[PDB]
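Undergrad: PDB entry and its sequence, pasted below:
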Amino acid sequence: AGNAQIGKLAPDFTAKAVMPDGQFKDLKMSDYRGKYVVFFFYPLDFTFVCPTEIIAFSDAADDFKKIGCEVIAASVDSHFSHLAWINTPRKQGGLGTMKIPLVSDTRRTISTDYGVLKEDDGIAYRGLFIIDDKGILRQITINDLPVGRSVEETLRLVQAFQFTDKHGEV
Amino acid sequence: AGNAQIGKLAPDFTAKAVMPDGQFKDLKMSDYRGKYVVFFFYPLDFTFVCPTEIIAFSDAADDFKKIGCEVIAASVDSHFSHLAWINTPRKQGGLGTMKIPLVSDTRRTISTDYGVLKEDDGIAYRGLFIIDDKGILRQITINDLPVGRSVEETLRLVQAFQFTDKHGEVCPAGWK
Ligand SMILES: [Ca+2]
Ligand SMILES: [Ca+2]
Ligand SMILES: [Ca+2]
Ligand SMILES: [Ca+2]
Ligand SMILES: [Ca+2]
């Protein structure tokens, strides 16, 4: 399934997000046109999987901001689940404040469009997508639920696509 | 496109390959069951682009072998084209001797099944795939042509999957 293809416009969408300041907002993918985007899905809120991945990405938000790349996280949980999890401090098992928006895909349409829905669980796989400043998909990464992604590898990829966009290697 | 899905058997195939020793052989994907496989595609033999990425995976072949993992490369070029490229010295643009088999996908079915075929060019994207020792597909990576992959990242992933197969997910006590 999915319309997500390398070299073609990433699937657009409008969805509820908890913004870093804790406020609900309607977020459109096409609103980030003019900057690279790291769009990564996680399965569920709370502790279905370890929250070290989502945290590592929030803490590197500034490494991505420095090279003009926005980072956005998404799951099928409600925007109300996201906020309850953010408003639970880290010292009591919660996420605490985040430096990236969390997107809600309760209709499962975004997961479906990006080819990352695990159909039997109704849950996204650990998908990560790199989208360029014109809205084109440059990179697809999907992992089975037990293994997390690498901030440092994602950073290598974004700088390498940015670099080759303005040069052309040898 | 494709039948490659996380949690399903990696799509099987039989194809001509140039083995490390220089001999042609009919290589079948399901023959690698009992071990992990890193299966990666590159676009084309003999480009002007340096084959750094392909050489780097060749030289890490041993590192993968030690942890119970085989590394296989593929493009839509013929095995005759692969052989010509290995027998071209690195100094004059060639590949030199290789420590991993180069699979030939002249029918483009493998590329199609793994969903990495760039239609307008008729070549593969830089897709890379991690298949477990039961032939189940664990990880999908697809880069646009300008950006290569990382041996080190591929090692982290292979080891990470092997570890979770035995122990389950790494999580700190409490719920991180
Ligand atoms: Ca669901
Ligand atoms: Ca984890
Ligand atoms: Ca021969
Ligand atoms: Ca093994
Ligand atoms: Ca073939």
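TA: Ah, there it is. Numbering: from 1, shown residues only, chains lettered A, B, ... in the order given. Ligands and ions are numbered 1, 2, ... in the order given.
Undergrad: Contact residues of chain A facing ligand 2?
TA: With C-beta under 5 Å from the ion as the criterion, chain A meets ligand 2 at residues A:50, A:148. Every residue, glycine included, has its C-beta placed from N, CA and C.
Undergrad: For the top helix by length along chain A, buried residues please.
TA: The longest helix of chain A (DSSP state H) is helix A:151-166. Within helix A:151-166, the residues scored as buried using 16 or more other C-beta atoms under 10 Å in any protein chain shown are A:151, A:153, A:154, A:155, A:156, A:157, A:158, A:160, A:161, A:162.
Undergrad: So the third one sits against residue A:38, correct?
TA: Yes. Residue A:154 sits in contact with residue A:38 when judged by C-beta atoms under 8 Å, with a separation of 5.8 Å.
Undergrad: Identify the contacts common to the two.
TA: Common contact partners of residue A:154 and residue A:38 (C-beta atoms under 8 Å, 6 or more residues apart in numbering or on different chains): A:57, A:128, A:130.
Undergrad: To which secondary structure element is the second one assigned?
TA: Taking DSSP states H and E as the criterion, the element that holds residue A:128 is strand A:126-131.
Undergrad: Return the angle between stretch directions for the following helix or strand past that strand and helix B:151-167.
TA: Note on strand A:126-131: by DSSP H and E, the next helix or strand toward the C-terminus is strand A:137-143. Interaxial angle of strand A:137-143 relative to helix B:151-167 (axes from the mean of the first three to the mean of the last three C-alpha atoms, to 10 degrees): 30 degrees.
Undergrad: picking up where we left off before, would the strand holding residue A:128 count as contacting chain B?
TA: No. If you take C-beta under 8 Å from any C-beta of the partner chain as the test, strand A:126-131 misses chain B, and the best it gets is 8.8 Å.
Undergrad: cool, and stretch A:59-77?
TA: No. Counting by C-beta under 8 Å from any C-beta, chain B is not contacted by stretch A:59-77; separation bottoms out at 13.1 Å.
Undergrad: Could the C-alpha coordinates of the strand holding residue A:128 be exported in PDB?
TA: The C-alpha trace of strand A:126-131 is given here as PDB (Å, rounded to 0.1, in the frame of the first residue of the first chain):
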ATOM      1  CA  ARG A 126       9.100   2.600  12.800                       C
ATOM      2  CA  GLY A 127       9.100   4.500   9.500                       C
ATOM      3  CA  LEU A 128      11.400   7.500   8.900                       C
ATOM      4  CA  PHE A 129      11.100   9.600   5.700                       C
ATOM      5  CA  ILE A 130      13.400  12.500   4.500                       C
ATOM      6  CA  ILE A 131      11.500  15.100   2.300                       C
END
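Undergrad: can you tell me the residue of chain A closest to ligand 4?
TA: Using C-beta to the ion, residue A:147 is the residue of chain A that sits closest to ligand 4, at 15.0 Å.
Undergrad: Now that residue. Nearest residue, chain neighbours left out?
TA: What sits nearest to residue A:147 in space, not counting adjacent residues and going by C-beta to C-beta, 6 or more residues apart in numbering or on different chains, is residue B:160, at 4.3 Å.
Undergrad: Identify the residue nearest the geometric centre of chain A.
TA: residue A:40 (2.5 Å; C-alpha atoms, centre = their mean).
Undergrad: could you list every residue that touches it?
TA: Contact analysis of residue A:40 by C-beta under 8 Å, 6+ apart lists A:57, A:71, A:72, A:73, A:74, A:126, A:127, A:128, A:129, A:149.
Undergrad: residue ranges for the helices of chain A, please.
TA: A:52-59, A:61-66, A:79-86, A:109-113, A:151-166.
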